[PDB]
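Have a look at query_11.pdb below; it lists PDB, C-alpha atoms (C1' of nucleotides).
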ATOM      1  CA  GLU T 265    -130.793  13.506 -18.581
ATOM      2  CA  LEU T 266    -132.431  13.857 -15.153
ATOM      3  CA  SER T 267    -129.283  12.714 -13.313
ATOM      4  CA  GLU T 268    -127.452  16.018 -13.812
ATOM      5  CA  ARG T 269    -129.719  19.015 -14.436
ATOM      6  CA  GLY T 270    -132.802  17.236 -13.166
ATOM      7  CA  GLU T 271    -135.257  17.432 -10.295
ATOM      8  CA  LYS T 272    -135.841  15.697  -6.987
ATOM      9  CA  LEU T 273    -137.969  13.091  -8.703
ATOM     10  CA  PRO T 274    -141.074  12.012  -6.759
ATOM     11  CA  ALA T 275    -141.678   8.311  -6.261
ATOM     12  CA  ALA T 276    -144.613   8.281  -8.692
ATOM     13  CA  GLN T 277    -142.380   9.742 -11.421
ATOM     14  CA  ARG T 278    -139.344   7.575 -10.532
ATOM     15  CA  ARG T 279    -140.659   4.065  -9.849
ATOM     16  CA  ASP T 280    -142.657   4.005 -13.093
ATOM     17  CA  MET T 281    -139.571   4.947 -15.121
ATOM     18  CA  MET T 282    -137.481   2.306 -13.352
ATOM     19  CA  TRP T 283    -140.169  -0.319 -13.972
ATOM     20  CA  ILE T 284    -140.423   0.442 -17.685
ATOM     21  CA  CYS T 285    -136.615   0.326 -17.950
ATOM     22  CA  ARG T 286    -136.533  -3.140 -16.376
ATOM     23  CA  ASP T 287    -139.436  -4.248 -18.583
ATOM     24  CA  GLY T 288    -137.614  -3.170 -21.737
ATOM     25  CA  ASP T 289    -134.397  -4.918 -20.732
ATOM     26  CA  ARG T 290    -136.324  -8.105 -19.923
ATOM     27  CA  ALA T 291    -138.098  -7.989 -23.301
ATOM     28  CA  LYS T 292    -134.737  -7.643 -25.067
ATOM     29  CA  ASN T 293    -133.440 -10.637 -23.160
ATOM     30  CA  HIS T 294    -136.610 -12.580 -24.107
ATOM     31  CA  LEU T 295    -136.157 -11.926 -27.820
ATOM     32  CA  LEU T 296    -132.519 -13.038 -27.631
ATOM     33  CA  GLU T 297    -133.394 -16.333 -25.946
ATOM     34  CA  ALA T 298    -136.120 -16.817 -28.548
ATOM     35  CA  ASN T 299    -133.765 -16.426 -31.518
ATOM     36  CA  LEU T 300    -130.726 -18.385 -30.323
ATOM     37  CA  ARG T 301    -132.216 -21.275 -32.331
ATOM     38  CA  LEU T 302    -131.830 -19.240 -35.517
ATOM     39  CA  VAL T 303    -128.285 -18.456 -34.390
ATOM     40  CA  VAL T 304    -127.322 -22.124 -34.027
ATOM     41  CA  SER T 305    -129.121 -23.069 -37.252
ATOM     42  CA  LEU T 306    -127.003 -20.508 -39.098
ATOM     43  CA  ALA T 307    -123.736 -21.376 -37.345
ATOM     44  CA  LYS T 308    -124.030 -25.129 -38.009
ATOM     45  CA  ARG T 309    -122.814 -24.521 -41.577
ATOM     46  CA  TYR T 310    -119.388 -22.957 -40.883
ATOM     47  CA  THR T 311    -117.940 -25.904 -38.934
ATOM     48  CA  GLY T 312    -115.066 -28.197 -39.881
ATOM     49  CA  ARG T 313    -112.333 -25.563 -40.149
ATOM     50  CA  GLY T 314    -110.408 -23.457 -37.658
ATOM     51  CA  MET T 315    -112.647 -23.201 -34.593
ATOM     52  CA  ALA T 316    -115.195 -25.408 -32.866
ATOM     53  CA  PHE T 317    -118.983 -25.662 -32.936
ATOM     54  CA  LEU T 318    -119.495 -23.902 -29.605
ATOM     55  CA  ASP T 319    -117.137 -21.061 -30.540
ATOM     56  CA  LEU T 320    -119.162 -20.536 -33.715
ATOM     57  CA  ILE T 321    -122.379 -20.604 -31.681
ATOM     58  CA  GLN T 322    -121.148 -17.949 -29.262
ATOM     59  CA  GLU T 323    -119.934 -15.726 -32.099
ATOM     60  CA  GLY T 324    -123.399 -16.013 -33.623
ATOM     61  CA  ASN T 325    -124.814 -15.070 -30.219
ATOM     62  CA  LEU T 326    -122.687 -11.909 -30.205
ATOM     63  CA  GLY T 327    -123.934 -11.138 -33.707
ATOM     64  CA  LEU T 328    -127.514 -11.592 -32.510
ATOM     65  CA  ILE T 329    -126.850  -9.158 -29.658
ATOM     66  CA  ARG T 330    -125.656  -6.625 -32.224
ATOM     67  CA  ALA T 331    -128.628  -7.271 -34.524
ATOM     68  CA  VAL T 332    -131.158  -6.759 -31.730
ATOM     69  CA  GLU T 333    -129.377  -3.588 -30.615
ATOM     70  CA  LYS T 334    -129.579  -2.207 -34.171
ATOM     71  CA  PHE T 335    -132.964  -3.653 -35.177
ATOM     72  CA  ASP T 336    -135.786  -1.401 -36.412
ATOM     73  CA  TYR T 337    -139.379  -2.641 -36.235
ATOM     74  CA  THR T 338    -140.851   0.340 -38.106
ATOM     75  CA  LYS T 339    -139.529  -1.045 -41.401
ATOM     76  CA  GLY T 340    -142.094  -3.858 -41.178
ATOM     77  CA  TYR T 341    -139.659  -6.686 -41.933
ATOM     78  CA  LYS T 342    -139.317 -10.091 -40.333
ATOM     79  CA  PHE T 343    -136.537 -10.080 -37.759
ATOM     80  CA  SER T 344    -134.882 -13.243 -39.101
ATOM     81  CA  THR T 345    -133.852 -11.646 -42.400
ATOM     82  CA  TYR T 346    -132.160  -8.712 -40.667
ATOM     83  CA  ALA T 347    -130.533 -10.877 -37.990
ATOM     84  CA  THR T 348    -129.059 -13.341 -40.498
ATOM     85  CA  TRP T 349    -126.745 -10.698 -41.967
ATOM     86  CA  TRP T 350    -125.406  -9.714 -38.547
ATOM     87  CA  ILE T 351    -124.940 -13.336 -37.461
ATOM     88  CA  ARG T 352    -122.988 -14.073 -40.640
TER      89      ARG T 352
ATOM     90  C1'  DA E   1      26.729 -94.427 -93.356
ATOM     91  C1'  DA E   2      31.513 -91.782 -93.993
ATOM     92  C1'  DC E   3      33.499 -86.964 -94.450
ATOM     93  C1'  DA E   4      35.294 -81.687 -94.285
ATOM     94  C1'  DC E   5      33.445 -76.587 -93.297
ATOM     95  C1'  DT E   6      30.891 -71.340 -90.882
ATOM     96  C1'  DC E   7      28.180 -69.326 -86.887
ATOM     97  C1'  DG E   8      26.779 -67.207 -80.816
ATOM     98  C1'  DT E   9      29.161 -66.284 -76.999
ATOM     99  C1'  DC E  10      31.983 -64.484 -74.234
ATOM    100  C1'  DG E  11      35.491 -61.630 -72.745
ATOM    101  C1'  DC E  12      37.940 -57.520 -73.248
ATOM    102  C1'  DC E  13      39.084 -52.573 -74.574
ATOM    103  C1'  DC E  14      38.279 -47.751 -75.629
ATOM    104  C1'  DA E  15      35.007 -43.528 -75.666
ATOM    105  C1'  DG E  16      31.178 -40.660 -73.597
ATOM    106  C1'  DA E  17      25.933 -40.075 -70.749
ATOM    107  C1'  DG E  18      25.104 -37.603 -67.759
ATOM    108  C1'  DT E  19      25.779 -37.110 -63.151
ATOM    109  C1'  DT E  20      27.942 -35.807 -59.326
ATOM    110  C1'  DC E  21      31.194 -32.934 -57.125
ATOM    111  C1'  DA E  22      32.302 -28.746 -57.107
ATOM    112  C1'  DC E  23      34.732 -23.957 -58.902
ATOM    113  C1'  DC E  24      33.264 -18.407 -60.365
ATOM    114  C1'  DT E  25      29.734 -14.165 -61.514
ATOM    115  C1'  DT E  26      25.419 -10.656 -61.626
ATOM    116  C1'  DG E  27      20.972  -9.546 -61.734
ATOM    117  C1'  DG E  28      19.280  -9.057 -58.270
ATOM    118  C1'  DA E  29      14.765  -8.568 -53.928
ATOM    119  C1'  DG E  30      14.280  -5.731 -51.253
ATOM    120  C1'  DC E  31      15.157  -1.686 -47.971
ATOM    121  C1'  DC E  32      15.359   2.730 -47.666
ATOM    122  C1'  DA E  33      15.085   8.035 -49.206
ATOM    123  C1'  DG E  34      12.780  11.522 -51.499
ATOM    124  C1'  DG E  35       8.889  13.987 -53.952
ATOM    125  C1'  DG E  36       4.661  15.020 -55.569
ATOM    126  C1'  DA E  37      -0.664  15.379 -56.497
ATOM    127  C1'  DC E  38      -4.666  13.758 -54.750
ATOM    128  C1'  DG E  39      -8.366  12.458 -52.979
ATOM    129  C1'  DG E  40     -10.417  12.793 -48.744
ATOM    130  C1'  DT E  41     -11.817  16.214 -45.659
ATOM    131  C1'  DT E  42     -13.596  20.585 -44.026
ATOM    132  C1'  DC E  43     -15.450  24.717 -44.394
ATOM    133  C1'  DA E  44     -16.856  29.783 -46.637
ATOM    134  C1'  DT E  45     -20.961  30.719 -49.852
ATOM    135  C1'  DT E  46     -25.698  30.957 -52.905
ATOM    136  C1'  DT E  47     -29.501  32.145 -53.863
ATOM    137  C1'  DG E  48     -32.715  27.964 -56.455
ATOM    138  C1'  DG E  49     -35.744  25.929 -54.016
ATOM    139  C1'  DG E  50     -38.980  23.585 -50.655
ATOM    140  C1'  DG E  51     -42.852  25.442 -47.747
ATOM    141  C1'  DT E  52     -47.065  26.993 -45.408
ATOM    142  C1'  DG E  53     -51.107  28.798 -42.835
ATOM    143  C1'  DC E  54     -54.630  30.803 -43.669
ATOM    144  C1'  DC E  55     -58.502  32.350 -46.536
ATOM    145  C1'  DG E  56     -61.782  34.913 -50.475
ATOM    146  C1'  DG E  57     -64.444  31.984 -52.031
ATOM    147  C1'  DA E  58     -66.436  28.661 -55.303
ATOM    148  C1'  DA E  59     -68.544  24.680 -55.473
ATOM    149  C1'  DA E  60     -69.696  20.067 -53.985
ATOM    150  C1'  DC E  61     -72.083  17.530 -50.292
ATOM    151  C1'  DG E  62     -74.133  15.832 -46.463
ATOM    152  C1'  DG E  63     -78.151  16.170 -44.160
ATOM    153  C1'  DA E  64     -82.131  18.382 -41.912
ATOM    154  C1'  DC E  65     -86.782  19.802 -42.473
ATOM    155  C1'  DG E  66     -91.289  20.413 -43.899
ATOM    156  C1'  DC E  67     -94.906  18.588 -46.366
ATOM    157  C1'  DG E  68     -97.192  15.584 -49.681
ATOM    158  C1'  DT E  69     -98.700  10.247 -51.101
ATOM    159  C1'  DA E  70     -99.434   4.937 -50.271
ATOM    160  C1'  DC E  71    -101.038   0.530 -49.257
ATOM    161  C1'  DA E  72    -102.265  -2.294 -44.648
ATOM    162  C1'  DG E  73    -104.874  -2.973 -41.363
ATOM    163  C1'  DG E  74    -109.151  -1.958 -39.067
ATOM    164  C1'  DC E  75    -114.216  -0.702 -38.571
ATOM    165  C1'  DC E  76    -118.680  -1.035 -40.622
ATOM    166  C1'  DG E  77    -122.748  -2.199 -42.922
ATOM    167  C1'  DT E  78    -125.541  -5.115 -46.225
ATOM    168  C1'  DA E  79    -133.797  -5.883 -44.688
ATOM    169  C1'  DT E  80    -138.263 -12.347 -48.618
ATOM    170  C1'  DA E  81    -137.129 -15.917 -45.577
ATOM    171  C1'  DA E  82    -133.624 -18.549 -44.588
ATOM    172  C1'  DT E  83    -135.018 -21.159 -36.291
ATOM    173  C1'  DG E  84    -131.850 -27.899 -32.548
ATOM    174  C1'  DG E  85    -124.195 -31.800 -36.040
ATOM    175  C1'  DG E  86    -122.578 -35.731 -38.534
ATOM    176  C1'  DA E  87    -119.671 -39.489 -37.198
ATOM    177  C1'  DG E  88    -117.543 -42.657 -34.403
ATOM    178  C1'  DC E  89    -116.167 -47.293 -34.502
ATOM    179  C1'  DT E  90    -115.463 -49.137 -30.936
ATOM    180  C1'  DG E  91    -111.277 -57.701 -31.263
ATOM    181  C1'  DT E  92    -106.420 -56.376 -24.550
ATOM    182  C1'  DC E  93    -105.590 -58.049 -20.354
ATOM    183  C1'  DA E  94    -104.124 -57.841 -16.022
ATOM    184  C1'  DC E  95    -106.537 -56.011 -12.171
ATOM    185  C1'  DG E  96    -107.194 -52.502  -7.696
ATOM    186  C1'  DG E  97    -110.251 -50.091  -6.256
ATOM    187  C1'  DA E  98    -113.848 -46.398  -6.401
ATOM    188  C1'  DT E  99    -118.182 -46.164  -7.750
ATOM    189  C1'  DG E 100    -123.061 -45.474  -8.512
ATOM    190  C1'  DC E 101    -126.633 -48.821  -7.063
ATOM    191  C1'  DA E 102    -127.537 -52.570  -4.190
TER     192       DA E 102
END

Kindly return the structure encoded in the file as structure tokens.
Amino acid sequence: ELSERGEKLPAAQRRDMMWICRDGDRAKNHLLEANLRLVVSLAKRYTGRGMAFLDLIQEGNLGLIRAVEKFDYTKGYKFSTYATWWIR
DNA sequence: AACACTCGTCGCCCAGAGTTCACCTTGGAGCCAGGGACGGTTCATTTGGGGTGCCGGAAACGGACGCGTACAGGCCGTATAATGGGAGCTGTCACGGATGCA
């Protein structure tokens, strides 16, 4: 929003925003690397037909990306239950 | 064993078979002369008929044209919890050389 129709942002008001942006992206990454184990545990079951183990794993990884992007913590549910549907 | 009769065979002699040799007729075979009518040709009609180009238009007909419907394929989302694969079967030998360790 500040890019066009903004203000000459001072350093105190710019560096903090940049830092929190990087922090959020890093936290997202961290959750993904945490839950790849759930991804592989789910994808182990669909083997033996069509495509290979690693292809299934990477498709589950894409599904996990989608699940994290569309997750909602306010609902007070464990993340695994929501992510399983998207992985599948 | 002694004795007294009738029949082919031939020649000859006269008449015609039928054949030749050899005489008169007469229906010609055709040759030409003359006269149709005749069928092939040609040319006058003769209006009975074929003919037609185009259209008013009536109706089919071919298609455009606009606007509805139809599954096929695609996108999307599902909130207890569910957090590291089965399986592979492997009896070769020669052997040159790199090669990871010596």

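Proximity ranking of E:11, E:66, E:39, E:77 relative to residue 334 of chain T places E:77 first, based on only C-alpha atoms (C1' of nucleotides).
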
The PyMOL selection byres ((chain E) within 8 of (chain T)) on the file shown: which residues, as a PyMOL selection string? chain E and resi 78-85

Can you tell me how far atom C1' of residue 90 of chain E sits from atom CA of residue 318 of chain T, in Å to one decimal? 25.6 Å

Counting only C-alpha atoms, figure out which residue out of T:266, T:351, T:275, T:284 gets nearest to residue 332 of chain T. T:351

Mind checking which residues fall within 8 Å of residue 329 of chain T, counting all atoms listed in the file, ignoring those fewer than 4 positions away in the same chain, and posting them as an mmCIF file with C-alpha atoms, in the coordinates of the input?
data_model
loop_
_atom_site.group_PDB
_atom_site.id
_atom_site.type_symbol
_atom_site.label_atom_id
_atom_site.label_comp_id
_atom_site.auth_asym_id
_atom_site.auth_seq_id
_atom_site.Cartn_x
_atom_site.Cartn_y
_atom_site.Cartn_z
ATOM 1 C CA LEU T 296 -132.519 -13.038 -27.631
ATOM 2 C CA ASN T 325 -124.814 -15.070 -30.219
ATOM 3 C CA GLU T 333 -129.377 -3.588 -30.615
#

d(atom CA of residue 267 of chain T, atom CA of residue 330 of chain T) in Å: 27.3 Å

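Of note, atom CA of residue 294 of chain T and atom CA of residue 315 of chain T are spaced 28.2 Å apart.
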
Segment 292-318 of chain T rebuilt with N, CA and C atoms, output as a compact mmCIF listing (two decimals), in the frame of the given file:
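And here's selection_10.txt as it stands now:
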# COMPACT_ATOMS: atom_id res chain seq x y z
N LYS T 292 -135.91 -7.42 -24.22
CA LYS T 292 -134.74 -7.64 -25.07
C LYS T 292 -134.14 -9.01 -24.80
N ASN T 293 -133.96 -9.33 -23.51
CA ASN T 293 -133.44 -10.64 -23.16
C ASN T 293 -134.30 -11.72 -23.77
N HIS T 294 -135.64 -11.58 -23.64
CA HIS T 294 -136.61 -12.58 -24.11
C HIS T 294 -136.47 -12.83 -25.60
N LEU T 295 -136.35 -11.76 -26.38
CA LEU T 295 -136.16 -11.93 -27.82
C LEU T 295 -134.86 -12.67 -28.12
N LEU T 296 -133.79 -12.34 -27.40
CA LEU T 296 -132.52 -13.04 -27.63
C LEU T 296 -132.66 -14.54 -27.39
N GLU T 297 -133.26 -14.91 -26.25
CA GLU T 297 -133.39 -16.33 -25.95
C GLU T 297 -134.33 -17.01 -26.93
N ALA T 298 -135.27 -16.26 -27.51
CA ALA T 298 -136.12 -16.82 -28.55
C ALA T 298 -135.32 -17.16 -29.80
N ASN T 299 -134.40 -16.28 -30.21
CA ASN T 299 -133.76 -16.43 -31.52
C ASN T 299 -132.40 -17.11 -31.49
N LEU T 300 -131.95 -17.57 -30.32
CA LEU T 300 -130.73 -18.39 -30.32
C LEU T 300 -130.84 -19.61 -31.23
N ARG T 301 -132.06 -20.13 -31.44
CA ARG T 301 -132.22 -21.28 -32.33
C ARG T 301 -131.86 -20.91 -33.77
N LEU T 302 -132.29 -19.73 -34.22
CA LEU T 302 -131.83 -19.24 -35.52
C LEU T 302 -130.32 -19.11 -35.53
N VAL T 303 -129.74 -18.63 -34.43
CA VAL T 303 -128.28 -18.46 -34.39
C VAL T 303 -127.58 -19.79 -34.62
N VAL T 304 -128.00 -20.83 -33.90
CA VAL T 304 -127.32 -22.12 -34.03
C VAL T 304 -127.59 -22.74 -35.40
N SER T 305 -128.81 -22.57 -35.92
CA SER T 305 -129.12 -23.07 -37.25
C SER T 305 -128.20 -22.45 -38.30
N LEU T 306 -127.92 -21.15 -38.17
CA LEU T 306 -127.00 -20.51 -39.10
C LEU T 306 -125.57 -20.99 -38.89
N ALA T 307 -125.14 -21.08 -37.63
CA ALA T 307 -123.74 -21.38 -37.34
C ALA T 307 -123.37 -22.84 -37.57
N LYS T 308 -124.35 -23.73 -37.75
CA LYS T 308 -124.03 -25.13 -38.01
C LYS T 308 -123.27 -25.33 -39.32
N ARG T 309 -123.31 -24.35 -40.22
CA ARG T 309 -122.81 -24.52 -41.58
C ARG T 309 -121.33 -24.19 -41.72
N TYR T 310 -120.76 -23.44 -40.78
CA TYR T 310 -119.39 -22.96 -40.88
C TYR T 310 -118.39 -23.82 -40.12
N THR T 311 -118.78 -25.04 -39.75
CA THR T 311 -117.94 -25.90 -38.93
C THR T 311 -116.83 -26.52 -39.79
N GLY T 312 -116.04 -27.39 -39.17
CA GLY T 312 -115.07 -28.20 -39.88
C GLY T 312 -113.75 -27.52 -40.19
N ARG T 313 -113.58 -26.25 -39.84
CA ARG T 313 -112.33 -25.56 -40.15
C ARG T 313 -112.07 -24.49 -39.10
N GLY T 314 -110.86 -24.50 -38.55
CA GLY T 314 -110.41 -23.46 -37.66
C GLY T 314 -110.87 -23.59 -36.22
N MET T 315 -112.12 -23.24 -35.95
CA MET T 315 -112.65 -23.20 -34.59
C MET T 315 -113.79 -24.20 -34.45
N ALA T 316 -114.26 -24.35 -33.21
CA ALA T 316 -115.20 -25.41 -32.87
C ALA T 316 -116.64 -24.93 -32.92
N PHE T 317 -117.55 -25.91 -32.84
CA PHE T 317 -118.98 -25.66 -32.94
C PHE T 317 -119.43 -24.62 -31.92
N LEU T 318 -119.04 -24.80 -30.66
CA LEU T 318 -119.50 -23.90 -29.60
C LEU T 318 -118.94 -22.50 -29.78
